[PDB]
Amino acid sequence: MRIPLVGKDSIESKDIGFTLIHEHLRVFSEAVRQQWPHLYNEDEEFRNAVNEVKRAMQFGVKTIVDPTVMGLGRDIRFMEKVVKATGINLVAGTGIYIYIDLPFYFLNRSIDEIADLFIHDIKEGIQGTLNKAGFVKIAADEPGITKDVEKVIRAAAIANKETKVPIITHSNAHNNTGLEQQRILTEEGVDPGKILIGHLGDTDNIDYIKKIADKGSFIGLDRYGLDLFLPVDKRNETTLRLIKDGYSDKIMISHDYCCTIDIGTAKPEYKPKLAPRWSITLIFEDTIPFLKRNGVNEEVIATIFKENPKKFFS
């Protein structure tokens, strides 16, 4: 017992198997869904998540890590239902996803108070259930490291030191938010190897990507299919080059796929342009085959999808 699973006994990290380290069963804006429920369709949402997960499993995915947290509409009971329907190993997290400011709740509250929220989810359980958080998720994006973003990062560090769960980040690959997240976490005493810096796959600036890896953290080549950020072929070229340059033991790969997401950008009519082949199994259809016919040994595949997740959670 080591990594907590939704709706299951916890597992030892050696038993995680082939892992997708960053996918979403469902993403929504909490306040919008609360205020305007007519916009949403839970049956559709359930069907989509179950269908995607089932296809992932038939490609041999054993574990999915789902970093839906506050600000992305985390719902542990929804996650429970998808587990019961599929039998997936599902790792749920805690944390806060913001780009600018915290919710008004956090006015005149300390970093300690925020960390207490994360530690609650990890140690006690999530949203009144006994499903526990297996990692902390934090974000920064275009606005950079604002005061409140930094507060959340330091709170995540406190949670990691207390509970030893790893940290997954959302960053923007085109500013230095990823590097800064790494810096602040490590200065606060987080083991660099307990950090996945997210969304670095959004750039082909490999010098920047290697910088983070060199400082000891996993690098998230983690949005395969999201062409609007970076097209699949450039992602593949970047992935291949990083492998050839010796970085396979820092690489993590995923789709960031949202089986449903409520943002207007994800309207069906935009899909062909923005994310034509985006799904939870694209890497099996494209990336892994591509790697194998470009000289990449099976051992590297094992490293990225089994060994690295195992280390991360160890």
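Quick note: we count residues from 1 along the sequence shown, nothing fancier.
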* Structure fact -> Quick note on 67-75 and 207-215: per-entry mean CA temperature factor is higher in 207-215
* Per the entry, higher mean C-alpha B factor between 81-89 and 222-230 -> 81-89
* Structure fact -> Here the Cα B-factor of residue 111, set against its chain, lands in the third termed middle
* Would you mind ranking residue 288 by its C-alpha B-factor against the rest of the chain and naming the third, lowest, middle or highest? => highest
* **Third assignment of residue 31 from its chain's C-alpha B-factors** => lowest
* **Position of residue 160 among the chain's modelled residues by C-alpha B-factor, lowest, middle or highest third** => middle
* Ranked C-alpha temperature factor of residue 41 among modelled chain residues, by third -> highest
